[PDB]
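Provided below as structure tokens are two forms of one protein chain, presented individually as structure 1 and structure 2.
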Structure 1
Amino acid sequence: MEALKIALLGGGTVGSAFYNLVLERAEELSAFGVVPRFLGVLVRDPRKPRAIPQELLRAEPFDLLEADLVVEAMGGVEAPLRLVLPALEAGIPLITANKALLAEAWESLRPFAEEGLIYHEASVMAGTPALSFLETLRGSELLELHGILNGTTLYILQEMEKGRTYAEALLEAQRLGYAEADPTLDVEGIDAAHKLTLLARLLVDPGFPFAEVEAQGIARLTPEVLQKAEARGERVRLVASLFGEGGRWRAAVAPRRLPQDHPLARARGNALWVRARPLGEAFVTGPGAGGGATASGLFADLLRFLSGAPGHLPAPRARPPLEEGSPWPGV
């Protein structure tokens, strides 16, 4: 029974949920001949009440080179990047939920992702199978991809449809744990843009640039706009789309008017929908945010690592779209 040394970067909601999940599920790890042992837990706020042993709290960066795995969920881009690089360079895998880091620091991280060292199922739709879903979709050639990827904006739009104001909805989303103190990334559609970029890279273009995604949020939406849409038998949702145009892949995030019965319009939780040849049309749904939900994704990748499987690999090569896609009508 050798130890599975884990260096955890981030003691927030997600990090805490993950730490506790690993210890709670220790017997599942035993089936693999290992017992989990955390080298330390880096925390931004060492005084915030936590369910992590005091002796493991680290207010300052610590040596990660002796870890078997580095798990990161601290948000932000530059600091996490500088912290994980040394480990990745040492050949230590990185399990992360940081969609911002992967989307904006791909120039530095791609090389390691290319050699299967980065596991990031939790980076898109939390623990819901989004990346593994596309890995299986590789059996076909993508025709079009559309998803409602942000938990906060989805909740807000759902609540406004019920008559709740933008503000009441947002504050509740924060109380519920879906959104952070400053949900600006979420409501401006940037978080969805981060995730869409990750999906594009795994399926059609390993070097897809985050800067090419055109993104807009829900800031102009009101209960009035949503009720008028309902009157026409449509639902408004912030959709992240990947489709062909002029022979090149185009990615955009924007509110779209969807038929009320469309899978994306009637989904429970966030959702990813695709049309591919020859499979056809398929889609997956589940929670897109939350401490427990995200922890499930990180733990899923830890088990994937223990099984001997590589991390999530970028698409083998860039491939053009098989057909021009027709975007949904914008709001």
Structure 2
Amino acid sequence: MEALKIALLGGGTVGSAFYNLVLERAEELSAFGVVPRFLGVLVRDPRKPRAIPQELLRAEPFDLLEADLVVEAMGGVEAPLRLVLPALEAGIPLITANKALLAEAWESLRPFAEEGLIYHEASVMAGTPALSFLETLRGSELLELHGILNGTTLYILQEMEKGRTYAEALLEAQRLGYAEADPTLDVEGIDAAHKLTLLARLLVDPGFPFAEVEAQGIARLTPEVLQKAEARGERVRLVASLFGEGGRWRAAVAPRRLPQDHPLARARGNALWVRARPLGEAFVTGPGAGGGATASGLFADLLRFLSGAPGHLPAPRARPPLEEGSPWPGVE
């Protein structure tokens, strides 16, 4: 039996769900010969009422170098980056839920991802299998990928379809714990774009630049636009697409008019739809935001590490698209 020493960065929606999940599953962990021991939980304000014991809360400096794992759910880019890098350089793995971090700080983080030190299933579709799904898709060559990757905006669209207003659905999504602290990241497509970037790097090109993703959000959509789509036999969704144009991979996020019986239009939660050679058409759906959903992904990654598997390695090589593709039609 031995201790698994965890340093947790962040004690919010995701971090507090993860802390409690780890201790709630300590019986599972003992079956792996480990007992979990948090070293501390990095937070901003120790006095906020919080679902972690106050005594475990930390302010910087919070030394990470005795940890067996750093788990990060702080949000942002530069603040987590400067904390994780000393632990990665010491060969301590990072399990993260932070797409922005990975999308925007890849020059610093790619070399550690290439060594198997970064686990980030929870950074795309929370604990819904998205990264593990694509890793198994490597058996084939991608033809086209289309996903609904932002939980907050999916929620809002679904609620507007039912005749509810944008502003009340946003408020709900925020209370549900789905939204980024800057909700424009959600609604402008940027969080989806971060996630798309990560999917491109795992599968098609380990250097795919976040700057190349074209993104636009849901700010022109209303219950009326969505109700008219429904009348045309369509559903409008924000869709993140990776597809071939000109022998290069293109990545875009935008509202799309989907056929209403398409898998993406009928998804139960966030969804990833792919066509690949020779596999064919495959699909995965589930919750894509929320504290418990996300904690599940982080804990899956923790079990993955205890198994002796490396983290999520980028694509070993960049390859052009086999097939010219396109997205669905945009919204006028």
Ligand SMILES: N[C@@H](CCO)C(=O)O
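Under this definition, the rigid core comprises the largest set of C-alpha atoms superposing within 1.5 Å between the forms. Here, residue number means position along structure 1's sequence, counting from 1.
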Worksheet item: The same chain appears twice here, once per structure, so which copy is the form solved in complex with the ligand?
Response: 2
Item to complete: Tell which of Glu141, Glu180, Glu159, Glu104, after superposing on the rigid core, has its C-alpha displaced by 2 Å or more between structures 1 and 2, please.
Response: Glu180
Practice prompt. Keeping the rigid core fixed, work out how far the Cα of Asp45 travels between structures 1 and 2, to one decimal in Å.
Written response: 2.1
Discussion item. Rigid core superposed, I'd like the Cα shift of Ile218 between structures 1 and 2 in Å.
Written reply: 0.2
Practice prompt. Superpose on the rigid core and then read off how far the CA of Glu55 has moved between structures 1 and 2, in Å.
Written response: 2.0
